[PDB]
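Coming up is one lone chain in structure tokens, specifically the form deposited in one PDB entry.
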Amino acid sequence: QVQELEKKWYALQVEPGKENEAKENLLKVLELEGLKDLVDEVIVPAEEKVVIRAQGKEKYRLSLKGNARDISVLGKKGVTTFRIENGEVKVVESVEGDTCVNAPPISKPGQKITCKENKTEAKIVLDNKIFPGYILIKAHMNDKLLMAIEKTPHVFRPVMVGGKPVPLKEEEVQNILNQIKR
């Protein structure tokens, strides 16, 4: 037991609706500012979902986590079937000429698979209904990290008392994470 220095959880107030962007911006800020060693985790307390569209129209909005589901939609030319399983999305089959059948599986918010020939698509998004305007970080808090957080594009500070970021116990994080699962 050496790097015993524990990182704690902190809640970051961020632009509502831009929580994923806030996370990706913070990740890049940490890289630039040389702060990655201080942070073990950055999580958006929101459920990951798969949005399936066909000809620019939403057909399904499903939980990314689940047993293993196939979904077929009618497109411009025919059927695209998408598979959602082990937290990934890929195409089983589509119309002739659709290269999306060989697209690597996607799993992170923002990613998408586009079947250009059939005009269907699967996109991974976050459902920020329960805890909008927040990301969570597990970190060693200090002055440089605090300041870097406040200068990250879609981030507006940690929850603080007297300028001191308020740590959340493991239990409370698990709790809110259990509310974005249930």
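In this text, residue numbers run from 1 along the sequence as written.
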property	result
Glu21 by Cα B-factor - lowest, middle or highest third of the modelled chain	lowest
Entry-reported Cα temperature factor of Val14, expressed as the chain third it lands in	lowest
CA B-factor ranking of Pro158, expressed as a third of its chain	middle
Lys90 CA temperature factor, ranked by third within the chain	middle
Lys49 - Cα temperature factor, lowest/middle/highest third of chain	middle
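Beyond the structure shown, there is the form deposited in another entry, which is absent from this document and is the topic of what follows.
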item	value
Of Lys28, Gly97, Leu74, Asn128, the position at the hinge that separates the two rigid parts moving between the shown form and the other one	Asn128
Distance direction in that other deposited form for the C-alpha atoms of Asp40 and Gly66, relative to the displayed form (3 angstroms or more)	closer
